[PDB]
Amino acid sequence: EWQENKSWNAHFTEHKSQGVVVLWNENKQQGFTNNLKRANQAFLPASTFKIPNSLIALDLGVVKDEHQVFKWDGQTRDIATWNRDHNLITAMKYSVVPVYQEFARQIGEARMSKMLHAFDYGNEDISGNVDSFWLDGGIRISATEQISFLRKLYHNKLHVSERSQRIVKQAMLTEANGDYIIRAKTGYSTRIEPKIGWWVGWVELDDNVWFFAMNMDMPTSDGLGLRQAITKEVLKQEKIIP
């Protein structure tokens, strides 16, 4: 069962923005969104792909564990935090594309393709360059499809080891306090129109979990903070977080 709540559009309108928020209540098995159509429109996953990419790299042994150091290749890039060593935790925290490009190269087209199909991940199409297809290739995923994937991850139901899923869920840790835990991943798609920002993950409460997946128009990097800000305003409105 799905319910459309156009009142959430105000949270996008307030910022001269457009986008979709999709919530899934795990206890009630009920979904909520401001825009049923855009909830089912498929976009490039951009850095939200680091979730499946991490899972595959861990399960194949490309990544030993969350402590393995991936040394900076010495090439100065424009994102300062990319010009340093990383492990899986920090590489996910700072969306370090070059680290995950090497993961994908070592995974390879064939194993990457099989795994995304095993994950039922988006359109499961890796057409393009193996080290950038999630940024400018043929792979696409919708907000509702992000949730279906994330629900499997949360329940350790993806076709990789429990350990791989636990590790990636650790790497997804974004925020935690006495009221909730957020495990999520941001995304920023600029290479193919329309330019969008992603934020997908879930909110762990004492006796329920709310999965979420949002994307929004992102003409400039100046609005990237709106991904979390808008999502949280929706969560506050639905009394999911204080």
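One rule holds for the numbers: they count along the sequence shown, beginning at 1.
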Legend entry - Mean Cα B-factor comparison, 39-47 or 23-31, giving the higher one as deposited: 23-31
Inset, instruction - Would you determine, from the values in the PDB entry, which of 115-123 and 165-173 has the greater average C-alpha temperature factor? - result: 115-123
Inset, instruction - Tell me, lowest, middle or highest third: where does the Cα B factor of residue 203 rank within its chain? - result: middle
Legend entry - residue 64 CA temperature factor, ranked by third within the chain: highest
Legend entry - CA B-factor ranking of residue 131, expressed as a third of its chain: middle
Legend entry - residue 52, C-alpha B-factor rank within chain (lowest, middle or highest third): lowest
Inset, instruction - Compare the C-alpha B factor of residue 92 with those of the other modelled residues in its chain, then answer lowest, middle or highest third. - result: lowest
